[PDB]
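Structure file input_18.csv; described as CSV, C-alpha atoms.
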```csv
chain,number,residue,atom,x,y,z
A,7,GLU,CA,-33.7,-12.7,-27.7
A,8,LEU,CA,-35.5,-12.5,-24.4
A,9,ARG,CA,-33.0,-11.1,-21.9
A,10,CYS,CA,-30.4,-9.5,-24.2
A,11,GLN,CA,-28.6,-6.4,-22.9
A,12,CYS,CA,-28.1,-4.8,-26.3
A,13,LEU,CA,-30.8,-3.5,-28.7
A,14,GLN,CA,-28.4,-2.3,-31.3
A,15,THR,CA,-24.7,-2.4,-32.3
A,16,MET,CA,-22.8,0.8,-33.1
A,17,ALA,CA,-19.3,1.5,-34.6
A,18,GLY,CA,-16.6,4.1,-34.2
A,19,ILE,CA,-15.2,3.1,-30.8
A,20,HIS,CA,-11.7,4.2,-29.9
A,21,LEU,CA,-9.5,2.4,-27.4
A,22,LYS,CA,-8.4,5.6,-25.6
A,23,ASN,CA,-11.9,6.1,-24.3
A,24,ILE,CA,-12.6,2.5,-23.1
A,25,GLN,CA,-12.1,1.6,-19.5
A,26,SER,CA,-13.7,-1.8,-19.7
A,27,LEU,CA,-14.7,-4.1,-22.6
A,28,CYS,CA,-16.7,-7.2,-21.8
A,29,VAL,CA,-17.9,-10.1,-24.0
A,30,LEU,CA,-21.3,-11.8,-23.3
A,31,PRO,CA,-21.3,-15.1,-25.2
A,32,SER,CA,-24.5,-16.3,-26.8
A,33,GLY,CA,-26.8,-18.6,-24.9
A,34,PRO,CA,-30.4,-19.0,-23.9
A,35,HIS,CA,-30.3,-15.5,-22.5
A,36,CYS,CA,-29.4,-13.9,-25.9
A,37,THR,CA,-29.3,-15.2,-29.5
A,38,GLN,CA,-26.1,-13.4,-30.4
A,39,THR,CA,-22.8,-12.7,-28.7
A,40,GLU,CA,-22.6,-9.1,-27.5
A,41,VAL,CA,-19.8,-6.7,-26.8
A,42,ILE,CA,-20.3,-4.0,-24.1
A,43,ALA,CA,-17.6,-1.3,-23.7
A,44,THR,CA,-18.0,0.9,-20.7
A,45,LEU,CA,-16.1,4.1,-21.3
A,46,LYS,CA,-14.2,6.2,-18.9
A,47,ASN,CA,-17.0,8.7,-18.8
A,48,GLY,CA,-19.3,5.9,-17.5
A,49,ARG,CA,-21.5,5.5,-20.6
A,50,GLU,CA,-21.7,2.0,-22.2
A,51,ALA,CA,-21.6,1.2,-25.9
A,52,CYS,CA,-22.9,-2.0,-27.6
A,53,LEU,CA,-20.4,-3.4,-30.2
A,54,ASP,CA,-20.8,-6.2,-32.7
A,55,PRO,CA,-18.3,-9.0,-32.0
A,56,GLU,CA,-18.1,-10.0,-35.7
A,57,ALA,CA,-16.7,-6.5,-36.5
A,58,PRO,CA,-13.0,-6.4,-37.3
A,59,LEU,CA,-12.4,-3.1,-35.4
A,60,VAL,CA,-13.7,-4.4,-32.1
A,61,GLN,CA,-11.5,-7.5,-32.3
A,62,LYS,CA,-8.5,-5.3,-33.1
A,63,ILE,CA,-9.2,-3.1,-30.0
A,64,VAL,CA,-9.5,-6.3,-27.9
A,65,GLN,CA,-6.2,-7.6,-29.2
A,66,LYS,CA,-4.6,-4.2,-28.6
A,67,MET,CA,-5.9,-4.1,-25.0
A,68,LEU,CA,-4.4,-7.6,-24.3
A,69,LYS,CA,-1.2,-6.7,-26.1
A,70,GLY,CA,-0.3,-3.0,-26.5
A,71,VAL,CA,-2.1,0.2,-25.5
B,8,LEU,CA,-8.7,3.4,-9.0
B,9,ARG,CA,-7.0,0.1,-8.1
B,10,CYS,CA,-6.4,-3.3,-9.5
B,11,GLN,CA,-9.4,-5.7,-9.2
B,12,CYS,CA,-7.1,-8.8,-9.2
B,13,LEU,CA,-4.8,-9.9,-6.3
B,14,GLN,CA,-3.7,-13.1,-8.1
B,15,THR,CA,-3.8,-15.0,-11.4
B,16,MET,CA,-5.3,-18.4,-12.2
B,17,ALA,CA,-4.9,-20.9,-15.1
B,18,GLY,CA,-7.0,-23.7,-16.5
B,19,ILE,CA,-10.0,-21.7,-17.5
B,20,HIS,CA,-11.5,-22.8,-20.9
B,21,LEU,CA,-13.7,-20.9,-23.3
B,22,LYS,CA,-16.4,-23.6,-22.8
B,23,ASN,CA,-16.3,-22.9,-19.0
B,24,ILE,CA,-16.6,-19.1,-19.1
B,25,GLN,CA,-20.0,-17.4,-19.1
B,26,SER,CA,-18.7,-13.8,-19.2
B,27,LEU,CA,-15.3,-12.5,-19.9
B,28,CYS,CA,-14.3,-8.8,-19.3
B,29,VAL,CA,-11.0,-7.1,-20.1
B,30,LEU,CA,-9.9,-4.0,-18.1
B,31,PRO,CA,-7.1,-2.2,-19.9
B,32,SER,CA,-4.0,-0.9,-18.2
B,33,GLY,CA,-4.0,2.6,-16.8
B,34,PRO,CA,-3.2,4.7,-13.7
B,35,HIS,CA,-5.7,2.5,-11.8
B,36,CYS,CA,-3.7,-0.7,-12.5
B,37,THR,CA,-0.3,-1.2,-14.0
B,38,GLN,CA,-1.2,-4.3,-16.0
B,39,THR,CA,-4.3,-5.1,-18.1
B,40,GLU,CA,-6.5,-7.6,-16.2
B,41,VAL,CA,-9.0,-10.1,-17.4
B,42,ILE,CA,-11.8,-11.2,-15.2
B,43,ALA,CA,-13.8,-14.3,-16.3
B,44,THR,CA,-17.0,-15.3,-14.5
B,45,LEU,CA,-17.4,-19.0,-15.1
B,46,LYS,CA,-20.6,-20.9,-15.7
B,47,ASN,CA,-20.5,-22.1,-12.1
B,48,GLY,CA,-20.7,-18.4,-11.3
B,49,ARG,CA,-17.3,-17.9,-9.5
B,50,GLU,CA,-14.8,-15.4,-10.9
B,51,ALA,CA,-11.3,-16.1,-12.0
B,52,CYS,CA,-8.6,-13.6,-12.9
B,53,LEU,CA,-6.7,-14.6,-16.1
B,54,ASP,CA,-3.4,-13.3,-17.3
B,55,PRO,CA,-3.7,-11.2,-20.5
B,56,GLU,CA,-0.2,-11.9,-21.6
B,57,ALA,CA,-0.9,-15.7,-21.9
B,58,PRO,CA,-1.5,-16.8,-25.5
B,59,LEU,CA,-4.4,-19.0,-24.4
B,60,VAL,CA,-6.4,-16.1,-22.9
B,61,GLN,CA,-6.0,-14.0,-26.0
B,62,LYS,CA,-7.0,-16.9,-28.3
B,63,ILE,CA,-10.0,-17.7,-26.1
B,64,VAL,CA,-11.1,-14.0,-26.0
B,65,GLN,CA,-11.1,-13.7,-29.8
B,66,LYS,CA,-12.8,-17.1,-30.1
B,67,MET,CA,-15.6,-15.9,-27.9
B,68,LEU,CA,-16.0,-12.9,-30.1
B,69,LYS,CA,-16.1,-15.2,-33.2
B,70,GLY,CA,-18.9,-17.2,-31.5
B,71,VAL,CA,-17.0,-20.3,-30.3
```

As structure tokens, please, write out the structure in this file.
Amino acid sequence: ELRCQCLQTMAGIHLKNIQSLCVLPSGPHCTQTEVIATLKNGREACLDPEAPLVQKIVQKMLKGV
Amino acid sequence: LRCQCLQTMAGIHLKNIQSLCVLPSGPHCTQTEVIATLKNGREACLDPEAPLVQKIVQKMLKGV
């Protein structure tokens, strides 16, 4: 909890807007795994890896959409 | 605007990756591309279609 890149997780993300989704696994840097989705507009959104929706979007990116 | 991967590599394990990032398919690139920077710090392009990469990605999300 000393060099984490996310101060909060938020929900409501849609795959259509995402240009890049990246998973930061937990380590000495941060207590919890973090999902950062940089959208096509250039903004970034912190997502909670445990959430089902984010996992569904990841699996849709790899296979689908 | 263009693909970030000029090749594909195999043998990367969830234990070895320090950060994995998925770039979805679009006009920039025909195929979805996964770029995993390893604990050693070098980067490896992984093939999203492979079952192993998908399983490892979702395992990372779970916390493995």

Quiz item: Interatomic distance between CA of residue 9 (chain B) and CA of residue 51 (chain A)?
Solution: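 Calculated distance between CA of residue 9 (chain B) and CA of residue 51 (chain A) is 23.0 Å.
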
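Among A:36, A:67, A:8, A:59, the residue with the shortest atom-to-atom distance to residue 24 (chain A), counting all atoms listed in the file, is A:67.
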
Find the residues of chain A that sit at most 12 Å from chain B; for each, write down the nearest two atoms and how far apart they are in Å, to one decimal. Count all atoms listed in the file. Sort by chain, then by number going up, and give it as JSON lines.
```
{"residue": "A:21", "atom": "CA", "partner": "B:31", "partner_atom": "CA", "distance": 9.1}
{"residue": "A:22", "atom": "CA", "partner": "B:31", "partner_atom": "CA", "distance": 9.7}
{"residue": "A:23", "atom": "CA", "partner": "B:31", "partner_atom": "CA", "distance": 10.5}
{"residue": "A:24", "atom": "CA", "partner": "B:31", "partner_atom": "CA", "distance": 7.9}
{"residue": "A:25", "atom": "CA", "partner": "B:30", "partner_atom": "CA", "distance": 6.2}
{"residue": "A:26", "atom": "CA", "partner": "B:30", "partner_atom": "CA", "distance": 4.7}
{"residue": "A:27", "atom": "CA", "partner": "B:29", "partner_atom": "CA", "distance": 5.4}
{"residue": "A:28", "atom": "CA", "partner": "B:28", "partner_atom": "CA", "distance": 3.8}
{"residue": "A:29", "atom": "CA", "partner": "B:27", "partner_atom": "CA", "distance": 5.4}
{"residue": "A:30", "atom": "CA", "partner": "B:26", "partner_atom": "CA", "distance": 5.3}
{"residue": "A:31", "atom": "CA", "partner": "B:67", "partner_atom": "CA", "distance": 6.4}
{"residue": "A:32", "atom": "CA", "partner": "B:70", "partner_atom": "CA", "distance": 7.4}
{"residue": "A:33", "atom": "CA", "partner": "B:25", "partner_atom": "CA", "distance": 9.0}
{"residue": "A:34", "atom": "CA", "partner": "B:25", "partner_atom": "CA", "distance": 11.6}
{"residue": "A:35", "atom": "CA", "partner": "B:25", "partner_atom": "CA", "distance": 11.0}
{"residue": "A:37", "atom": "CA", "partner": "B:70", "partner_atom": "CA", "distance": 10.8}
{"residue": "A:38", "atom": "CA", "partner": "B:70", "partner_atom": "CA", "distance": 8.2}
{"residue": "A:39", "atom": "CA", "partner": "B:70", "partner_atom": "CA", "distance": 6.6}
{"residue": "A:40", "atom": "CA", "partner": "B:68", "partner_atom": "CA", "distance": 8.0}
{"residue": "A:41", "atom": "CA", "partner": "B:68", "partner_atom": "CA", "distance": 8.0}
{"residue": "A:42", "atom": "CA", "partner": "B:28", "partner_atom": "CA", "distance": 9.1}
{"residue": "A:43", "atom": "CA", "partner": "B:28", "partner_atom": "CA", "distance": 9.3}
{"residue": "A:44", "atom": "CA", "partner": "B:30", "partner_atom": "CA", "distance": 9.8}
{"residue": "A:45", "atom": "CA", "partner": "B:30", "partner_atom": "CA", "distance": 10.7}
{"residue": "A:46", "atom": "CA", "partner": "B:33", "partner_atom": "CA", "distance": 11.0}
{"residue": "A:53", "atom": "CA", "partner": "B:68", "partner_atom": "CA", "distance": 10.5}
{"residue": "A:54", "atom": "CA", "partner": "B:68", "partner_atom": "CA", "distance": 8.6}
{"residue": "A:55", "atom": "CA", "partner": "B:68", "partner_atom": "CA", "distance": 4.9}
{"residue": "A:56", "atom": "CA", "partner": "B:69", "partner_atom": "CA", "distance": 6.1}
{"residue": "A:57", "atom": "CA", "partner": "B:68", "partner_atom": "CA", "distance": 9.1}
{"residue": "A:58", "atom": "CA", "partner": "B:68", "partner_atom": "CA", "distance": 10.2}
{"residue": "A:59", "atom": "CA", "partner": "B:68", "partner_atom": "CA", "distance": 11.7}
{"residue": "A:60", "atom": "CA", "partner": "B:68", "partner_atom": "CA", "distance": 9.0}
{"residue": "A:61", "atom": "CA", "partner": "B:65", "partner_atom": "CA", "distance": 6.7}
{"residue": "A:62", "atom": "CA", "partner": "B:65", "partner_atom": "CA", "distance": 9.4}
{"residue": "A:63", "atom": "CA", "partner": "B:31", "partner_atom": "CA", "distance": 10.4}
{"residue": "A:64", "atom": "CA", "partner": "B:65", "partner_atom": "CA", "distance": 7.8}
{"residue": "A:65", "atom": "CA", "partner": "B:61", "partner_atom": "CA", "distance": 7.2}
{"residue": "A:66", "atom": "CA", "partner": "B:31", "partner_atom": "CA", "distance": 9.3}
{"residue": "A:67", "atom": "CA", "partner": "B:31", "partner_atom": "CA", "distance": 5.6}
{"residue": "A:68", "atom": "CA", "partner": "B:55", "partner_atom": "CA", "distance": 5.3}
{"residue": "A:69", "atom": "CA", "partner": "B:56", "partner_atom": "CA", "distance": 6.9}
{"residue": "A:70", "atom": "CA", "partner": "B:32", "partner_atom": "CA", "distance": 9.3}
{"residue": "A:71", "atom": "CA", "partner": "B:32", "partner_atom": "CA", "distance": 7.6}
```

Go ahead and save the picked residues with C-alpha atoms, as a compact mmCIF listing (two decimals), keeping the file's coordinate frame.
```
# COMPACT_ATOMS: atom_id res chain seq x y z
CA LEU A 21 -9.50 2.40 -27.40
CA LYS A 22 -8.40 5.60 -25.60
CA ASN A 23 -11.90 6.10 -24.30
CA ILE A 24 -12.60 2.50 -23.10
CA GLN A 25 -12.10 1.60 -19.50
CA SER A 26 -13.70 -1.80 -19.70
CA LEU A 27 -14.70 -4.10 -22.60
CA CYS A 28 -16.70 -7.20 -21.80
CA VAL A 29 -17.90 -10.10 -24.00
CA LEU A 30 -21.30 -11.80 -23.30
CA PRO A 31 -21.30 -15.10 -25.20
CA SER A 32 -24.50 -16.30 -26.80
CA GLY A 33 -26.80 -18.60 -24.90
CA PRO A 34 -30.40 -19.00 -23.90
CA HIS A 35 -30.30 -15.50 -22.50
CA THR A 37 -29.30 -15.20 -29.50
CA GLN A 38 -26.10 -13.40 -30.40
CA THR A 39 -22.80 -12.70 -28.70
CA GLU A 40 -22.60 -9.10 -27.50
CA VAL A 41 -19.80 -6.70 -26.80
CA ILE A 42 -20.30 -4.00 -24.10
CA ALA A 43 -17.60 -1.30 -23.70
CA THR A 44 -18.00 0.90 -20.70
CA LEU A 45 -16.10 4.10 -21.30
CA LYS A 46 -14.20 6.20 -18.90
CA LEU A 53 -20.40 -3.40 -30.20
CA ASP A 54 -20.80 -6.20 -32.70
CA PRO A 55 -18.30 -9.00 -32.00
CA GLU A 56 -18.10 -10.00 -35.70
CA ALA A 57 -16.70 -6.50 -36.50
CA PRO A 58 -13.00 -6.40 -37.30
CA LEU A 59 -12.40 -3.10 -35.40
CA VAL A 60 -13.70 -4.40 -32.10
CA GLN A 61 -11.50 -7.50 -32.30
CA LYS A 62 -8.50 -5.30 -33.10
CA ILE A 63 -9.20 -3.10 -30.00
CA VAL A 64 -9.50 -6.30 -27.90
CA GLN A 65 -6.20 -7.60 -29.20
CA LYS A 66 -4.60 -4.20 -28.60
CA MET A 67 -5.90 -4.10 -25.00
CA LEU A 68 -4.40 -7.60 -24.30
CA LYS A 69 -1.20 -6.70 -26.10
CA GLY A 70 -0.30 -3.00 -26.50
CA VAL A 71 -2.10 0.20 -25.50
```

Enclose region 51-57 of chain A, meaning all of its atoms listed in the file, in a box aligned along x, y and z, pad it by 3 Å on each side, and list the centre and edge lengths in Å to one decimal, as AutoDock Vina command-line options.
```
--center_x -19.8 --center_y -4.4 --center_z -31.2 --size_x 12.2 --size_y 17.2 --size_z 16.6
```

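CA of residue 36 (chain B) is positioned 20.4 Å from CA of residue 17 (chain B).
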
Quiz item: In Å, with one decimal, what is the gap from CA of residue 22 (chain B) to CA of residue 10 (chain A)?
Solution: 19.9 Å

Quiz item: Can you find the residues with an atom no farther than 7 Å from (-3.4, -0.4, -9.1), counting all atoms listed in the file, and report them as a list in words?
Solution: residues 8, 9, 10, 34, 35, 36 and 37 of chain B
